[PDB]
Amino acid sequence: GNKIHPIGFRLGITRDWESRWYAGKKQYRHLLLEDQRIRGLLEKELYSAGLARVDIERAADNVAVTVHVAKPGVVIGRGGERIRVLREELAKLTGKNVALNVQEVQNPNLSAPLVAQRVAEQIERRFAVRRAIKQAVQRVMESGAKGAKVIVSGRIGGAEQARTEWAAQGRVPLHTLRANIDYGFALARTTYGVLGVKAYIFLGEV
Amino acid sequence: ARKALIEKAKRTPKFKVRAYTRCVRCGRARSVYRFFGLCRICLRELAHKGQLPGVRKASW
Amino acid sequence: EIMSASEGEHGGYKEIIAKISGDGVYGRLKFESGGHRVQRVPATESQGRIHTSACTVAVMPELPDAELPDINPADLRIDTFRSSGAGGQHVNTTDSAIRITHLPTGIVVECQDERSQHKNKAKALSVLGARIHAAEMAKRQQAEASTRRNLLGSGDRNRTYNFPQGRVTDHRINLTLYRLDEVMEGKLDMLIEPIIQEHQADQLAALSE
RNA sequence: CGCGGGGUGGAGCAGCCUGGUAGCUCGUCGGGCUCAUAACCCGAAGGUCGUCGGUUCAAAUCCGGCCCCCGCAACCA
RNA sequence: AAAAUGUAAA
RNA sequence: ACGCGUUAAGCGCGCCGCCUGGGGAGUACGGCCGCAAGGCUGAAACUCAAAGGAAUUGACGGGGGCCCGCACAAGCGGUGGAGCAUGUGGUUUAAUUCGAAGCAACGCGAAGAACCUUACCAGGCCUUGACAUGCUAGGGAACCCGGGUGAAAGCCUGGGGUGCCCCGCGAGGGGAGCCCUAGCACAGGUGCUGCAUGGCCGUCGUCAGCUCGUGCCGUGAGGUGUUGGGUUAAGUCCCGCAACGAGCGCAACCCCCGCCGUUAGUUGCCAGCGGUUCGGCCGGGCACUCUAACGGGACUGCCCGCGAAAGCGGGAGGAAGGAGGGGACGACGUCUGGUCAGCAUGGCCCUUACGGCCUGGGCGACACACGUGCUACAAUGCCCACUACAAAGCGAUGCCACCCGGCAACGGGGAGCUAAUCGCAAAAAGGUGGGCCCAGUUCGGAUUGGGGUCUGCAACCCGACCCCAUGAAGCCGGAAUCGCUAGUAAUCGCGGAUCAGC
Ligand SMILES: [Mg+2]
Ligand SMILES: [Mg+2]
Ligand SMILES: [Mg+2]
Ligand SMILES: [Mg+2]
Ligand SMILES: [Mg+2]
Ligand SMILES: [Mg+2]
Ligand SMILES: [Mg+2]
Ligand SMILES: [Mg+2]
Ligand SMILES: [Mg+2]
Ligand SMILES: [Mg+2]
Ligand SMILES: [Mg+2]
Ligand SMILES: [Mg+2]
Ligand SMILES: [Mg+2]
Ligand SMILES: [Mg+2]
Ligand SMILES: [Mg+2]
Ligand SMILES: [Mg+2]
Ligand SMILES: [Mg+2]
Ligand SMILES: [Mg+2]
Ligand SMILES: [Mg+2]
Ligand SMILES: [Mg+2]
Ligand SMILES: [Mg+2]
Ligand SMILES: [Mg+2]
Ligand SMILES: [Mg+2]
Ligand SMILES: [Mg+2]
Ligand SMILES: [Mg+2]
Ligand SMILES: [Mg+2]
Ligand SMILES: [Mg+2]
Ligand SMILES: [Mg+2]
Ligand SMILES: [Mg+2]
Ligand SMILES: [Mg+2]
Ligand SMILES: [Mg+2]
Ligand SMILES: [Mg+2]
Ligand SMILES: [Mg+2]
Ligand SMILES: [Mg+2]
Ligand SMILES: [Mg+2]
Ligand SMILES: [Mg+2]
Ligand SMILES: [Mg+2]
Ligand SMILES: [Mg+2]
Ligand SMILES: [Mg+2]
Ligand SMILES: [Mg+2]
Ligand SMILES: [Mg+2]
Ligand SMILES: [Mg+2]
Ligand SMILES: [Mg+2]
Ligand SMILES: [Mg+2]
Ligand SMILES: [Mg+2]
Ligand SMILES: [Mg+2]
Ligand SMILES: [Mg+2]
Ligand SMILES: [Mg+2]
Ligand SMILES: [Mg+2]
Ligand SMILES: [Mg+2]
Ligand SMILES: [Mg+2]
Ligand SMILES: [Mg+2]
Ligand SMILES: [Mg+2]
Ligand SMILES: [Mg+2]
């Protein structure tokens, strides 16, 4: 075990912070604390919409959270309802301020943290792991990507003996900084235990 | 010593120095960076995600 | 205090005997006699495989011993008669030869070595002693080795020590407790006491049932 | 019993003739080498010399008794 | 020329 | 299959000899032969699920060729010896919590064990529980107060308020609700399994490797490509080639250091002027120094010689020349590696107890063994006083200038700074001056006595520092063994994370 987190490796180089705000010293900690609370309680409820990324930026008490999706019909709710009560549970826990603006990424198949979850779900639903992997990469490759690769690990198909498993089309130069590459994890829970899906999507150069 | 232990450090104790740090995410007692209230592991995790603003891998 | 103790290269003791002296010793070590299985990855492991092994142990109580206060004329039958072979007229008119019969066992020694009857009785009485001794030595061997064959035999009895499970499990009373560490340390009581108790529950349904 | 030799660190063997002085090999213990073991390398421990006595300023050494071990002898009838 | 060995469970 | 191939192992015929799983066994018995040794003929019981032929791919070699690494060598300083610091084995213990085990465990998880931390021990306790969402019987209100007892938890109790939905006139009711007593749901576990797992980490290894597609060869495993000549830190490139391509690696894209430029001019800086509270201090001003943001700069570009090329060797100009120095980056995989004790998680197990609380013990124990360490044995040294020259960080619950007392640890008093402003802050080696004279020493500072400062509820176990006295082992360390090739080794300080404190 030895590979580096692609994201942490490309900070301010090809990938921007999921949270953007200054602090100082005497306040940074509890700032991030509630900040982390947000993204987590967001993920728990907005899972149904399958979020690809939650952005958070702050101001003098003013706090903005620009959440992403590829199917926002769930976030927006009936006519425009669920989005309000959402923010109306937000300041119910921030004790500060509110924010909406839920923009939507075009191709969901070109978002890795999105992909993994849709795959990791197929796992829980007892699907062919070898097949779903090649299916995933196919759907990613045939939808414009310049590379792809998906890795799972754990008791594949409830095997007494756990093992690694993956496939890849195109190219995925994880060593190259100049390459913009998306990545995300998904935790495949099941009766036999916890698998784990990691998705690598190489979008292109820069 | 999981959910139970972490509780004591949250509430202010009998004496002054009796109060102690603990990760504000995993609840690890030992090695807690006070700047975040986080442990060295939780620190590395979220810093990798980008959830820790302005913090990038150092190199020189 | 150990007596015999052949080593074992690494580690052991391939065999070791020890006199554990005191009070209530045989009472709490009675049930050890038997085979003790061990399952773990041994020290000697060339790779990473768990290996089953075994060791028979035998507790024997203190045996008050006593050799017979040498012979006894009352149970000796001694015969004198004329020796055989050369000697001239002396050998012809001198019951110099000897024969002693040790009535209890049945072993007999003759002796017509030297010219004095007395000296021949001396030799015969000496060999007679030596021959009873080695008789009782053979007897105490066909008892000692045989009671070991008595206890230790074709039977997969007594406790099993599993390290990776961390659980000792005495097979006889089907008790098992996953606190092997403490056991392997010395506190054997919550293992020998449950046997001592179950054994007593047997003695209840003994002559009463 | 008649003569001779013998008993010294766990094993085997010097030292006794000539009093002052415990030595050799092996073993054991501690530290190296090696993945580990042995070999090898470095350092240490370990007996008051069978046993009672006597001689002496002083006894493993000399002298006497006993115990144990070993070989020799035990013939003429 | 140096230089023996590696029990038995995947 | 290897190979045989008019010297068949090809295609056919004639005839002889012989085989029918391995071991038993070319043994036994019988017969025949022999001087013998032994030969010829030649079985069975029993036993195993194989024995065996050729090929393939690796691995290994006390096999080979070519290369490479602080591996040897050439070096300089050390460990191993001493005293102490700490980790570990072991033993001890009511407990001395658990895990890590050759490299790749042993100043490792621990970047802060007096309580807490704490998972252990002892005792005193607690039961829908310290925690989460619920369903409720008495159906009570907040919230402060106090007594009681106690080592504290805990148990018990005196208060009192005269809180809020209801067109309630009304003594009385009617809901929400921190909440109080009893229930059922359920919580909880640092309990077990890294050999059920995720993630993340060490590792061979920054080693140059590993593979796919398709084509072709091969009955087939598989081979080819990836081999080969040259070249390189490199499966790096060039040429060649039944192979043609491609992916993950290598490289580069990023960071810091080296030179230069634009931009920027306070809180930083001062070259020339004025000033002149004896001096960036006043006015003054971005030139420099610096700060930090964008840039230029190097491409085997030029020259020489070799070379088919790739590129190798030398020269020039240049702050820097063939990867300039350093970091970030760790391929397919390997170690049944590590970690259920950071968290997560399947299964298993505990349920007035394997859960929870408190006080006090332990994690610091001590016949010994090991790792890593710090201080030393001194004269290239040590002590004392004066005087210098850093970089990178920390600091409105903190840093503490500055006075004041103290021999000092420090305590009063107090200015400034949320800081390129103020402060931690004296850098220490160094220079100069003075003493010491080869000695267990003015070396060494272990150990111990006595006396105090600080932090904390509280320093007995069990803290750090100051003063006095004590002044041990050690006079260069056996066998053995480690680091590092340039601003490196050795040596000299400083800062920080942790953190009341150490
Ligand atoms: Mg994302
Ligand atoms: Mg507990
Ligand atoms: Mg608190
Ligand atoms: Mg504390
Ligand atoms: Mg033996
Ligand atoms: Mg024997
Ligand atoms: Mg007669
Ligand atoms: Mg009879
Ligand atoms: Mg123990
Ligand atoms: Mg001897
Ligand atoms: Mg060896
Ligand atoms: Mg001794
Ligand atoms: Mg002795
Ligand atoms: Mg005497
Ligand atoms: Mg004497
Ligand atoms: Mg006499
Ligand atoms: Mg052998
Ligand atoms: Mg082995
Ligand atoms: Mg031919
Ligand atoms: Mg021929
Ligand atoms: Mg056969
Ligand atoms: Mg045959
Ligand atoms: Mg024959
Ligand atoms: Mg025959
Ligand atoms: Mg014959
Ligand atoms: Mg012969
Ligand atoms: Mg023959
Ligand atoms: Mg090479
Ligand atoms: Mg060398
Ligand atoms: Mg000390
Ligand atoms: Mg105990
Ligand atoms: Mg009270
Ligand atoms: Mg009241
Ligand atoms: Mg390299
Ligand atoms: Mg072939
Ligand atoms: Mg063919
Ligand atoms: Mg190949
Ligand atoms: Mg060739
Ligand atoms: Mg290549
Ligand atoms: Mg710098
Ligand atoms: Mg001037
Ligand atoms: Mg003037
Ligand atoms: Mg540039
Ligand atoms: Mg040059
Ligand atoms: Mg070159
Ligand atoms: Mg394997
Ligand atoms: Mg020191
Ligand atoms: Mg003063
Ligand atoms: Mg003063
Ligand atoms: Mg003050
Ligand atoms: Mg100000
Ligand atoms: Mg000087
Ligand atoms: Mg002291
Ligand atoms: Mg000297």
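Residues numbered from 1 in each chain as written, not as in the entry; some residues may be left out. Chains lettered and ligands numbered in written order. Part of a larger assembly, values for the part shown. Heavy atoms only, no water.

- Under the annotation held in the PDB entry, chain C carries the name Peptide chain release factor 1 and is attributed to Escherichia coli.
- What the UniProt record of chain C gives under Function is the line "Peptide chain release factor 1 directs the termination of translation in response to the peptide chain termination codons UAG and UAA."
- The record held by UniProt for chain C lists under Sequence similarities the comment "Belongs to the prokaryotic/mitochondrial release factor family." (UniProt positions renumbered as here; feature names shortened; annotations may be inferred.)

- Where the PDB entry is consulted, chain A appears under the name 30S ribosomal protein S3, with the organism given as Thermus thermophilus.

## Comments concerning the side chain of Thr190(A)
All names here are of chain A.
- For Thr 190, the position within the fold is in the loop between strand 6 (180-186) and strand 7 (196-204).
- Classification of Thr 190 as buried rests on a relative accessible area of 9%.
- A polar atom in the side chain of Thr 190 sits 2.8 Å from the backbone oxygen of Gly 193.
- Residues within four places of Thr 190 in sequence aside, it is in contact with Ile 123, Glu 124, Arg 126 and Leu 195. (Helix = DSSP H or I, 4+ residues; strand = E, 2+ residues; numbered from the N terminus. Buried < 20%, exposed > 50% of the residue type's maximum accessible area, 1.4 Å probe, protein only. Polar contact = N/O pair within 3.5 Å; in protein donor to acceptor, adjacent residues only side chain to side chain. Contact = heavy atoms within 4.5 Å.)

## Focus: the pattern of salt bridges
- Enumeration according to the criterion identifies 35 salt bridges over all chains in this entry.
- With a shortest N-O distance of 2.9 Å, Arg139(A) and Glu142(A) are connected by a salt bridge.
- For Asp79(C), the salt bridge identified is with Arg99(C), shortest N-O distance 3.7 Å. Placement of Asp79(C) in strand 5 (residues 76-81) and of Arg99(C) in strand 6 (residues 97-102) is noted, with a sequence separation of 20 residues between them.
- Exposure remark for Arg99(C): the relative accessible area of 25% places this residue in the partly exposed category.
- One connected set of salt bridges, linked through shared partners, spans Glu34(A), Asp35(A), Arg39(A), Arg58(A) and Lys96(A). (Salt bridge = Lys/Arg side-chain N within 4 Å of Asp/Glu carboxyl O.)

## Regarding the interface of chain A and chain B
- Tallying the contact residues gives 19 residues for chain A and 19 residues for chain B.
- Sorting the residues of chain A by area buried against chain B places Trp17(A), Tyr28(A) and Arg29(A) first, and these three jointly supply 31% of that buried surface.
- In this structure, the connection of chain A to chain B is made through zero salt bridges.
- In this structure, the connection of chain A to chain B is made through eight residue pairs in polar contact.
- Counting residues per element, the ones that place at least two in the side of chain A that touches chain B are helix 1 (6-9) and helix 2 (28-45) of chain A.
- Here the side of chain A that touches chain B takes six residues from helix 2 of chain A, the largest share from any one element. (Buried area = accessible area lost by both parts, 1.4 Å probe.)

## Here we look at the protein's contact with RNA strand D
All names here are of chain C.
- Around RNA strand D, the surrounding shell consists of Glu 9, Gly 87, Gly 88, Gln 89, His 90, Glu 114, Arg 115 and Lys 119.
- Taken together, the sugar and phosphate atoms account for 72% of what RNA strand D places within 4 Å of the protein.
- Between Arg 115 and RNA strand D, the recorded distance is 2.3 Å, taken from a side-chain N or O atom to a phosphate oxygen.
- Among the residues making up the surface near RNA strand D, the classes are represented as no nonpolar, four polar and four charged. (Near = heavy atom within 4 Å. Nonpolar A, V, L, I, M, F, W, Y, C, P; charged D, E, K, R; others polar.)

## Overview of the sheet that holds strand 6 of chain C
Residue and element names in this part refer to chain C.
- Pairing within the open sheet is antiparallel, and its three strands lie in the order 5-6-7. Of all strands in the sheet, those with a lone pairing partner are strand 5 and strand 7 (108-111), marking the two edges. Ignoring which end each strand starts from, the neighbouring axes of this sheet average 15° apart.
- Both strand 6 and strand 7 contribute to a ladder of four bridges, which runs antiparallel. Its bridge partner lying in strand 7, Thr 101 is registered against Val 108.
- Set on the sheet, helix 3 (residues 117-151) makes contact with strand 5, strand 6 and strand 7; between it and strand 6 the angle comes to about 30°. (Pairing = 2+ DSSP bridges. Axes fitted to C-alpha atoms, helices over the stretch in contact; angles between N-to-C directions.)

## Comments concerning the protein's contact with RNA strand E
Residue and element names in this part refer to chain C.
- As a structural note, the neighbourhood of RNA strand E is formed by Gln 39, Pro 42, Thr 44, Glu 45, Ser 46, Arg 49, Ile 50, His 51, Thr 52 and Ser 53.
- Backbone atoms, meaning sugar and phosphate, make up 25% of the atoms of RNA strand E lying within 4 Å of the protein.
- Between a base oxygen of RNA strand E and a side-chain N or O atom of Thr 44, the distance comes to 2.3 Å.
- The side chain of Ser 46 places a nitrogen or oxygen atom 3.1 Å from a phosphate oxygen of RNA strand E.
- No other element matches the three residues that strand 4 (residues 51-57) contributes to the surface near RNA strand E.
- Its residues assigned to classes, the surface near RNA strand E shows two nonpolar, six polar and two charged.

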